[PDB]
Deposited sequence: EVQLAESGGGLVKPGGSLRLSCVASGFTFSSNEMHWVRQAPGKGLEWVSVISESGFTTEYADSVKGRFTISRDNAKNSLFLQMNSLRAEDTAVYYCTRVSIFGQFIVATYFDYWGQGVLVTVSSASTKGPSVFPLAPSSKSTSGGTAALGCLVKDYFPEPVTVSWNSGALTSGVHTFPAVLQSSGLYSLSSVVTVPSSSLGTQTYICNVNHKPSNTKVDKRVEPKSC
């Protein structure tokens, strides 16, 4: 069976370097054009680079030209990708995949086999508690708290110390290009209850023993 076995991913600071490798088995490697394709979290497939069977021709996407070098070692059934001057936006899963070349033509079954994919994370985020901000409510009203710029996951959020759970929706965090997370939590309550009742969000970030109680009031 054809197999492409990738390795070499990992976590690196912006500006740094990594070398990805892809070891082929079960087919004549030197008869195949090899490609790298990547996928940023939640996004589409983005072609990155190609090397011809002999290794003599290489092409690159504009997004990586000048910084990435594709190379191969046919006698070792190996494909590589050298990644220098890495930037946040190179954070992605990187796949290798083959294109058999027969009689100098691309075969119809191109990309018929792919590596398993390796995650590349380009970030300098370090442990950081969140900045918490109230999200004021304007027969119900929505109020919440914005839980910004923390690392790493998770945070928990309670309301009125857990006495209040109906109408609470804590949303999954966004991951920012800086490497930091931010999430929000909102609770929907009767409009009649504003002022004469007071609402407090309790944010716990155990990776950084930051506990915050904050009440949310109308303005």
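Student: Compare the deposited sequence with the modelled residues and state the ranges that are missing C-alpha positions.
Tutor: Residues missing from the model, as numbered along the full deposited sequence, span 139-144, 226-227.
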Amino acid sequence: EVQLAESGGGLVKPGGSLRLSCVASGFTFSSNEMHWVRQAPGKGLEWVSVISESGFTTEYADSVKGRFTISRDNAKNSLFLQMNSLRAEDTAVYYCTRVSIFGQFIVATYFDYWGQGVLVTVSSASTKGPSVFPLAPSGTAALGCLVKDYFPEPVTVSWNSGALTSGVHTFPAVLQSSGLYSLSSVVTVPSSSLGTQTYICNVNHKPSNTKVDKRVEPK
From here on, numbers count along this sequence of modelled residues.
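Student: For the stretches 189-197 and 36-44, which has the higher mean C-alpha B-factor as given in the deposited record?
Tutor: So the stretch with the higher mean C-alpha B-factor is 189-197.
Student: Split into thirds by Cα B-factor across the chain's modelled residues, where does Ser182 land: lowest, middle or highest?
Tutor: For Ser182, the deposited C-alpha B-factor lands in the lowest third.
Student: What third of the chain does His205 rank in for C-alpha temperature factor, lowest, middle or highest?
Tutor: Lowest third - that is where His205 ends up once the chain's C-alpha B-factors are sorted.
Student: Taking the values exactly as deposited, rank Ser49 by C-alpha B-factor within its chain and report the matching third: lowest, middle or highest.
Tutor: Lowest third, going by the recorded CA B-factors of the chain.
Student: Based on the deposited C-alpha B factors for this chain, I'd like to know if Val120 is in the lowest, middle or highest third.
Tutor: Ranked within chain, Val120 CA B lands in the middle tercile.
Student: Sorting by Cα B-factor within the chain, modelled residues only, which third would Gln82 end up in: lowest, middle or highest?
Tutor: Its C-alpha B-factor belongs to the middle third of this chain's values.
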